[PDB]
Amino acid sequence: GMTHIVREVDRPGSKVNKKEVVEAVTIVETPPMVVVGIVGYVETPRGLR
Amino acid sequence: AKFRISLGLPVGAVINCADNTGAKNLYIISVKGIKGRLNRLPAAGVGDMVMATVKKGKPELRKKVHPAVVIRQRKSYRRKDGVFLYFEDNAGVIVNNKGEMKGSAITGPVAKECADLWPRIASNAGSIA
Amino acid sequence: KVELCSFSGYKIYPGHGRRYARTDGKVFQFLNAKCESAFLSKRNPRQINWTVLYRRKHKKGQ
Amino acid sequence: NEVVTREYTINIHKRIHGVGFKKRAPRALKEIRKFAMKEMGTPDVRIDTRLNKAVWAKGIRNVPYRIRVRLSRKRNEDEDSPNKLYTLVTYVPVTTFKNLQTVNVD
Amino acid sequence: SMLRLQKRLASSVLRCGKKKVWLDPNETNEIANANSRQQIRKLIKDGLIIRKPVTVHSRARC
RNA sequence: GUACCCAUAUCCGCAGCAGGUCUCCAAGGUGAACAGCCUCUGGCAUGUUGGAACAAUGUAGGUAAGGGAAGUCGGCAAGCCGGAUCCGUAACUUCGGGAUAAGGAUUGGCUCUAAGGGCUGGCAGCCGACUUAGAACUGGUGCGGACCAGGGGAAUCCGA
RNA sequence: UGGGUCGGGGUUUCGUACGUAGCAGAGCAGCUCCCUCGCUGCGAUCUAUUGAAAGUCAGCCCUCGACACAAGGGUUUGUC
Ligand SMILES: [Mg+2]
Ligand SMILES: [Mg+2]
Ligand SMILES: [Mg+2]
Ligand SMILES: [Mg+2]
Ligand SMILES: [Mg+2]
Ligand SMILES: [Mg+2]
Ligand SMILES: [Mg+2]
Ligand SMILES: [Mg+2]
Ligand SMILES: [Mg+2]
Ligand SMILES: [Mg+2]
Ligand SMILES: [Mg+2]
Ligand SMILES: [Mg+2]
Ligand SMILES: [Mg+2]
Ligand SMILES: [Mg+2]
Ligand SMILES: [Mg+2]
Ligand SMILES: [Mg+2]
Ligand SMILES: [Mg+2]
Ligand SMILES: [Mg+2]
Ligand SMILES: [Mg+2]
Numbered sequence: 052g053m054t055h056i057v058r059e060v061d062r063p064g065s066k067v068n069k070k071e072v073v074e075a076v077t078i079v080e081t082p083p084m085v086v087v088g089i090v091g092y093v094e095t096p097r098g099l100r
Numbered sequence: 012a013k014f015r016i017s018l019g020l021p022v023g024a025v026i027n028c029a030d031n032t033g034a035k036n037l038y039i040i041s042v043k044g045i046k047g048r049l050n051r052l053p054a055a056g057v058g059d060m061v062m063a064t065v066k067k068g069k070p071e072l073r074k075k076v077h078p079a080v081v082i083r084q085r086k087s088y089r090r091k092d093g094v095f096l097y098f099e100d101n102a103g104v105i106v107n108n109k110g111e112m113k114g115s116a117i118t119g120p121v122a123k124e125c126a127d128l129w130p131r132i133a134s135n136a137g138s139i140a
Numbered sequence: 002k003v004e005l006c007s008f009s010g011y012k013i014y015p016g017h018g019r020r021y022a023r024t025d026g027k028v029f030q031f032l033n034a035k036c037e038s039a040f041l042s043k044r045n046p047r048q049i050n051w052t053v054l055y056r057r058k059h060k061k062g063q
Numbered sequence: 018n019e020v021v022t023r024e025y026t027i028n029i030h031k032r033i034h035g036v037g038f039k040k041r042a043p044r045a046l047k048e049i050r051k052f053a054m055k056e057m058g059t060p061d062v063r064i065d066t067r068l069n070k071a072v073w074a075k076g077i078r079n080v081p082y083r084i085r086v087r088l089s090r091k092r093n094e095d096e097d098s099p100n101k102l103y104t105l106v107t108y109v110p111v112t113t114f115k116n117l118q119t120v121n122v123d
Numbered sequence: 002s003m004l005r006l007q008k009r010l011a012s013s014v015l016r017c018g019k020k021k022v023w024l025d026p027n028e029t030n031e032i033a034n035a036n037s038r039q040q041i042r043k044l045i046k047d048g049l050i051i052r053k054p055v056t057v058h059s060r061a062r063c
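Taken in sequence, the protein lines are chains B, T, U, b and o. In case it helps, the authors' numbering puts the first sequence at residues 52 to 100. In case it helps, the authors' numbering puts the second sequence at residues 12 to 140. In case it helps, the authors' numbering puts the third sequence at residues 2 to 63. In case it helps, the authors' numbering puts the fourth sequence at residues 18 to 123. In case it helps, the authors' numbering puts the fifth sequence at residues 2 to 63.
Shown next, in the form of structure tokens:
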């Protein structure tokens, strides 16, 4: 989903410096991934194999 | 600098004239510093200079083109802090080419964008935002 | 910074609601379009039941 | 338990959510028939005239949301049908709907 | 099983409309044997063919 | 001569064709009303088929923040007012009109008050229609709450 | 630690349900212990029950509360 957030900025020389802003922010769930396989690739004059 | 605020005043808008020059309404005829698209009306926002004429007001100010700065709009524009705000009516002031006010004092509130872009308009300091 | 709504009296968190700057100079904060329309159509917050003003005037909770 | 009879609370507001005004009650009755097909399993389903009245009690485009019905799976005894089992769906009236679960009756 | 003749004839006997004639659904085979106005009158006197009352049109609110 | 249809299916139109064809009877509520809308007596299966889904395009219908004709040959279409009561109604004119000119205020619900009649006897007693005006109370300024329904003004050309 | 249907919560939308009671109600009608807010009934609204009632997935979230169901079916497919 998406939830906005309030965050302090560090941009110097702008009308936003040292001010708070609300910006759109998306969230992704990324659980740990289980490793199963290993694949090898050789560089052939026609591409990868 | 100035950010992309919601443009709510296209060419042909009849806004109020919030100053003591003697003009009641201003008729937006174009927008300064804009590049057009095929069949697209040049829109104006807050703090951006435009060319305008006086439809109703003093006969000496009527029937002539002069620069103007929009100070209040009814189209809700998003502030960078993360809030939306909009005024009661579309209103602007008249200025010269350099960016100096023609009238002495202003009336009604003035948006923060225009107040920070044009220092001479904020010099009157009627009401900010 | 969390401001109280002018009509409903609830807390308006950053990124929600709108603001309304009257020609006089008053700046009101509206939580949503319901309260916005209720304020623009001149409805009494004390007469509207679900607002905090009605509860404070009728001593509902405390 | 081949002739057992039970009671259910079918939610028509969920099943006619997107049909349109002129086709709410017929689709509701088709959904009741499909619910009987899914619960009992007999391809022959007969609904009661009282249930038809209870469904059509508020017109076509205004169908009651929850309906408490009773399903009874009975043998046919007609020797012209392959299934030989039919589900009779009757309508029982109730005032409230909270805390009502599906129970079997004798 | 064709009761069109009986439905048409009982209306003319009772001097009412075709919608006000009520037939006994269980005695359909007995109604089908009727083919005369005398038979229709006998069945009406028996009770298989009756006249339904006029739909209510209340004037209390008026 | 006497049946029957007399019709979005018995007539004509090459047909069970949104076309055409002369008459009588015609209720209740709202409403000024045979307007529009809702019911009763009386008819009907939605007009030469149904099931499933709600893609583009299309045919009818309704809204949209800010601007309000800046689109278009053209305000085309669409949109505003639209009824009733009370004030006020211009230029011109053939003095009849313009005129519902234009421009304003009100409109609900429930309790009330006052006025507007007839008949019997030598000023009194009873009987029944809905109209008007005013005031009080009250509903989240909503009140022609659906339906019904005049945008207006300034001028030119022509035709009374 | 199967999915499904109800039900229970969370969230949410509207805005405070019927009934009841009131020494709240512009007032009206009947009655008399002639009545020091006299009694009864009617009476737009208003107050307490009441952040109440109502809907909430059919493309919302959680459940191991309750019911039934399940390895049940048809067609086709090999490289001396
Ligand atoms: Mg059969
Ligand atoms: Mg004849
Ligand atoms: Mg025809
Ligand atoms: Mg015709
Ligand atoms: Mg009438
Ligand atoms: Mg009348
Ligand atoms: Mg059909
Ligand atoms: Mg036809
Ligand atoms: Mg718009
Ligand atoms: Mg708008
Ligand atoms: Mg305008
Ligand atoms: Mg113009
Ligand atoms: Mg042209
Ligand atoms: Mg037109
Ligand atoms: Mg003139
Ligand atoms: Mg005129
Ligand atoms: Mg009186
Ligand atoms: Mg002519
Ligand atoms: Mg209700």
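Using N, Cα and C, we set each Cβ at its ideal position, and we do this for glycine too.
Please confirm whether residue i has its beta-carbon closer than 8 Å to some beta-carbon of chain U.
{"i": "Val-76 (chain B)", "result": "no"}
{"i": "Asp-100 (chain T)", "result": "yes"}
{"i": "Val-60 (chain B)", "result": "no"}
{"i": "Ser-87 (chain T)", "result": "yes"}
{"i": "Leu-128 (chain T)", "result": "no"}
{"i": "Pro-70 (chain T)", "result": "no"}
{"i": "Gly-110 (chain T)", "result": "no"}
{"i": "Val-90 (chain B)", "result": "no"}
{"i": "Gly-103 (chain T)", "result": "no"}
Taking only beta-carbon atoms, is residue i less than 8 Å away from chain T?
{"i": "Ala-39 (chain U)", "result": "no"}
{"i": "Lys-69 (chain B)", "result": "no"}
{"i": "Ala-34 (chain U)", "result": "no"}
{"i": "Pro-46 (chain U)", "result": "no"}
{"i": "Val-85 (chain B)", "result": "no"}
{"i": "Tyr-11 (chain U)", "result": "no"}
{"i": "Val-93 (chain B)", "result": "no"}
{"i": "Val-79 (chain B)", "result": "no"}
{"i": "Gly-62 (chain U)", "result": "no"}
With the cut-off set at 8 Å, would you say residue i and residue j are in Cβ contact?
{"i": "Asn-121 (chain b)", "j": "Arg-23 (chain b)", "result": "yes"}
{"i": "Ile-82 (chain T)", "j": "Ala-24 (chain T)", "result": "no"}
{"i": "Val-109 (chain b)", "j": "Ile-49 (chain b)", "result": "no"}
{"i": "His-77 (chain T)", "j": "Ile-105 (chain T)", "result": "yes"}
{"i": "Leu-32 (chain U)", "j": "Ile-49 (chain U)", "result": "no"}
{"i": "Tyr-25 (chain b)", "j": "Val-62 (chain b)", "result": "no"}
{"i": "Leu-20 (chain T)", "j": "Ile-40 (chain T)", "result": "no"}
{"i": "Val-22 (chain o)", "j": "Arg-52 (chain o)", "result": "yes"}
{"i": "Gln-7 (chain o)", "j": "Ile-45 (chain o)", "result": "no"}
{"i": "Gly-119 (chain T)", "j": "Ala-102 (chain T)", "result": "yes"}
{"i": "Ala-54 (chain T)", "j": "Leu-18 (chain T)", "result": "yes"}
{"i": "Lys-69 (chain T)", "j": "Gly-33 (chain T)", "result": "yes"}
{"i": "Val-86 (chain b)", "j": "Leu-46 (chain b)", "result": "no"}
Contact criterion: CB-CB distance below 8 Å. Does residue i meet it with respect to chain B?
{"i": "residue 9 (chain T)", "result": "In the structure as shown, chain T begins at 12 and stops at 140. Residue 9 (chain T) is therefore absent and cannot be evaluated."}
{"i": "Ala-116 (chain T)", "result": "no"}
{"i": "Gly-16 (chain U)", "result": "yes"}
{"i": "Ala-55 (chain T)", "result": "no"}
{"i": "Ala-12 (chain T)", "result": "yes"}
Nearest to residue i by alpha carbon, out of the options?
{"i": "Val-61 (chain T)", "options": "T:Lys-67, T:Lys-74, T:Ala-122 and T:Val-22", "result": "T:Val-22"}
{"i": "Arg-20 (chain U)", "options": "T:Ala-126, T:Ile-132, T:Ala-136 and T:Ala-122", "result": "T:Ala-122"}
{"i": "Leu-37 (chain T)", "options": "T:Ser-134, T:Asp-100, T:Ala-126 and T:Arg-90", "result": "T:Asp-100"}
{"i": "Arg-41 (chain b)", "options": "b:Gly-76, b:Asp-95 and b:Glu-94", "result": "b:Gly-76"}
{"i": "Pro-15 (chain U)", "options": "U:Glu-4, U:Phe-40, U:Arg-23 and U:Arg-44", "result": "U:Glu-4"}
{"i": "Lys-66 (chain B)", "options": "T:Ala-126, T:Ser-134 and T:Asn-135", "result": "T:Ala-126"}
{"i": "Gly-56 (chain T)", "options": "T:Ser-134, T:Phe-14 and T:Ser-115", "result": "T:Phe-14"}
{"i": "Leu-24 (chain o)", "options": "o:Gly-18, o:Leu-4 and o:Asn-34", "result": "o:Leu-4"}
{"i": "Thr-59 (chain b)", "options": "b:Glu-96, b:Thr-112 and b:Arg-92", "result": "b:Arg-92"}
Once the 5 residues before and after residue i are set aside, which same chain residues still bring their CB inside 7 Å of it?
{"i": "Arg-38 (chain o)", "result": "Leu-10 and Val-14"}
{"i": "residue 4 (chain b)", "result": "Any question about residue 4 (chain b) goes unanswered here, given that chain b covers just 18 to 123."}
Using C-beta distances below 8 Å, list every residue in its chain close to residue i, excluding the 5 sequence neighbours before and after it, in chain order.
{"i": "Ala-74 (chain b)", "result": "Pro-81"}
{"i": "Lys-43 (chain T)", "result": "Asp-59, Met-60, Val-61, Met-62 and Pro-78"}
{"i": "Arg-131 (chain T)", "result": "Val-106, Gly-110, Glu-111 and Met-112"}
{"i": "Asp-65 (chain b)", "result": "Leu-105, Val-106, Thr-107 and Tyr-108"}
Which residues in the same chain have their Cβ closer than 6 Å to the Cβ of residue i, if we skip the five residues on either side of it in sequence?
{"i": "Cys-36 (chain U)", "result": "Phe-8 and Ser-9"}
{"i": "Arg-100 (chain B)", "result": "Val-93"}
With contact counted as at least three CB pairs below 8 Å, one residue from each stretch, are the region 71-87 of chain B and the region 85-104 of chain T in contact? yes
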